[PDB]
Every structure is written in structure tokens, then in C-alpha cells.
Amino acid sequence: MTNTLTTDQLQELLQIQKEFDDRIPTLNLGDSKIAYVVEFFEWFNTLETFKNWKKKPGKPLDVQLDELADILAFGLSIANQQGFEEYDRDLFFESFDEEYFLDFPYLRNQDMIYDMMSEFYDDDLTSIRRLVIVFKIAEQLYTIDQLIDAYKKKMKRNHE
């Protein structure tokens, strides 16, 4: 069952993020939104689907998951900063369950980056959507469990 997300897991992740962000008095929503986008590209660079010049493209899994965990962190951070109640959690699991286009072949296509950019400059981009994106990448390319594991490791390192 290593590739499903429960409401308890999501709430624990939000709490872990909140306790870290509590240490950062400059915490700023505009910056965290920019940070999400930059981390997304850092992650996309580890995937290397556009790097036709590599003999063996793709950085190591742990490196890919570490970068994916940085996206989650800002996604969780934006969620907490905006306020993320039960109704928001409900809508997240409904959006996740109803997402049919963010699958493996789509996410492996280097051109997906343009679609993502379009969503990233849209000022209506929601905190729910940002989380759906990162969790669907985890579900389809990795597992949710591996993302959560990598996130917990990274957050411990971030605390030091």
C-alpha cells in the first residue's frame, strides 16, 4: 500500500512544515510561491528528459526525490500560509482522485514543462493544485511513500 496518501499523512506533513516555517520570521507568501516554481525546475533538471546529449540521463533516485521533497515543502508551506482547513483537505483529495492527465507518459515528456510554466504564471494557481501536482509526480514516477520518506529526511536536515 505504499503509494496512497491518507488525510492523517497529509495533516502530519502540514504540521511538520508549520513547525519548521515557525522558525523563519521573514516567511513570505510571494517568496514561497516563487520558491515552489524554482524547486520545480531544480527537480525537472534531475529528470533530464530534455538532455539528449547524455549517455544515461536521469540523476540518481535519491537526488530526484530530494528535489521533489523541496517542492512538497513549499507546497505545504503555501497551504499553511493561506490556511488549510477540512474543506481544503476534502477538495484536495477530490482533485487528486479526479486528475486524469498527470500520468507517467505525460510527466516523462520534456514538453510538459511548458504546461507547468503556464500554470505557474497564472495568478489563480491554487494551493490545492500545487499539492496535486507534486503528489501526482510522486504517485506516477516514484511512490508517495518515497516522497514522504525523502521529505522527512530533508526536514530533519533543514532543522540543522
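In this text, residue numbers run from 1 along the sequence as written.
Comparing 132-140 with 148-156, which has the greater mean CA B-factor as deposited?
Comparing averages over the C-alpha atoms only gives 148-156.
Pick between 66-74 and 53-61: the one whose mean CA B-factor in the entry is higher.
Comparing 66-74 with 53-61, the higher average CA B-factor belongs to 53-61.
For the listed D31, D103, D122, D111, which has the peak Cα B-factor recorded in the PDB entry?
Of the options given, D122 has the highest CA B-factor in the PDB entry.
Compare the C-alpha B factor of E99 with those of the other modelled residues in its chain, then answer lowest, middle or highest third.
Middle third of the chain for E99's C-alpha B-factor.
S127 - which third its CA temperature factor falls in, relative to the rest of the chain:
Ranked within chain, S127 CA B lands in the middle tercile.
Looking at the temperature factor on the CA atom of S118, which third of the chain's modelled residues does it land in?
Middle third of the chain for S118's C-alpha B-factor.
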